[PDB]
Amino acid sequence: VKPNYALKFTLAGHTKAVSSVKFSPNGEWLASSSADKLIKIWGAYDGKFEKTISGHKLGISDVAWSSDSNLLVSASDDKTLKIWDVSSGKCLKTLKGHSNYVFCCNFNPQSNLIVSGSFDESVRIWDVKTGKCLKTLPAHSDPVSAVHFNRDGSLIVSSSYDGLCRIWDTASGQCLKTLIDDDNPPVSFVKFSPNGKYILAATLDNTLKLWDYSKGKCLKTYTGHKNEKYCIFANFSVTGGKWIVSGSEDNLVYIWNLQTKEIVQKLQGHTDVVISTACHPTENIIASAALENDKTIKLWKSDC
Amino acid sequence: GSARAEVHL
């Protein structure tokens, strides 16, 4: 079986390249971050603009929701992360500690911690309540492209332009594993699978790979798209058919069958690199965002 | 405008 995603809405608003889009865990909203220093909230089902959240001094590279859909955390070129209360729009805390651009961020499952990756080549773990840095991990030898907590939050996976994917013990900060294949291209994105058994990793050699974390080996590879310059997000679509979703440097959204690795659909419409995609938690809905020459977000819907 | 929207060598 194959999906039939069709364009339903195009969201205009950001004045510069959009950097990331994420659906709230409760499925009510879509948050977007942009090089325009802003975060915008949109209705997940109707694509209707809700509000703008401002505060950062420079462009934003990533934004993420807390487990209860009440908070957001953003990573910016101003070298800070900001925790926001979505309902009030207030900046609850500004996390200062990184010495260079903050590139990626995420809350842990209980949302009491935030993990961040920066151009300073480190990974930091922060306490949400106090906004204080708990640990600084000398994780890589190049910018950290992504950071993500596993299902129970005991592990953190990080990726970097240095070509490595490393898994860290949240409590001790010890490097528990370094994953790399036969080549050393920059690793542009990583994240644990929904069940926490795998790690989906993107490398700047036009490849996505599904790794078995425990065994430390590559199980599947997804190819066919273009990705050699930007850190494009990738997702696990689990509402209908089990797919792998990702933007591409040819302005398209690619969708692969996770098990067979075959391309099942390509979404056309954006006018620039699709830097970020996200899959709704309960409906077969995909949100995609593009760079500078496009500046829009698109919502696609499928029956399966 | 932001690191992610730029190319890194």
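In order, the residues displayed for chain A correspond to 31-334 in Swiss-Prot numbering, which applies throughout.
According to its header, the structure was obtained by X-ray crystallography, 1.7 Å.
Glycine too: its Cβ is placed from the backbone N, Cα and C atoms.
Between A:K112, A:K120, A:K272, Swiss-Prot assigns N6-acetyllysine to A:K112; no such entry appears for the others, which is not proof they lack it. Record check of A:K38, A:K46, A:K67 in Swiss-Prot: the feature SUMO2 cross-link is attached to A:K46. Listed as Cβ neighbours of the repeat 'WD 3' (A:128-168) (distance under 8 Å, sequence separation of 6 or more from its ends, same chain) are residues 91-98, 101, 103-107, 109-111, 113, 122, 174-179, 181-183, 186, 188, 190, 192, 198, 200, 203, 205, 261. In sequence order, the recorded positions near chain B (CB to CB under 8 A) are A:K46, A:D107, A:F133, A:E322, out of A:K46, A:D107, A:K112, A:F133, A:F263, A:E322. Residue counts of the repeat 'WD 5' (A:212-253) by helix, strand and coil are 0 helix, 24 strand, 18 coil (DSSP-based). A:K46 (SUMO2 cross-link) and A:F133 (site 'Important for interaction with histone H3') are 17 Å apart (CA-CA, integer value). Rounded to the nearest whole angstrom, the C-alpha distance between A:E322 (site 'Important for interaction with histone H3') and A:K112 (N6-acetyllysine) is 24. In the structure as shown, the Cβ atom of A:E322 (site 'Important for interaction with histone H3') sits within 10 Å of 16 other Cβ atoms. In this structure the alpha carbons, written CA, of A:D107 (site 'Important for interaction with histone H3') and A:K46 (SUMO2 cross-link) are 14 Å apart.
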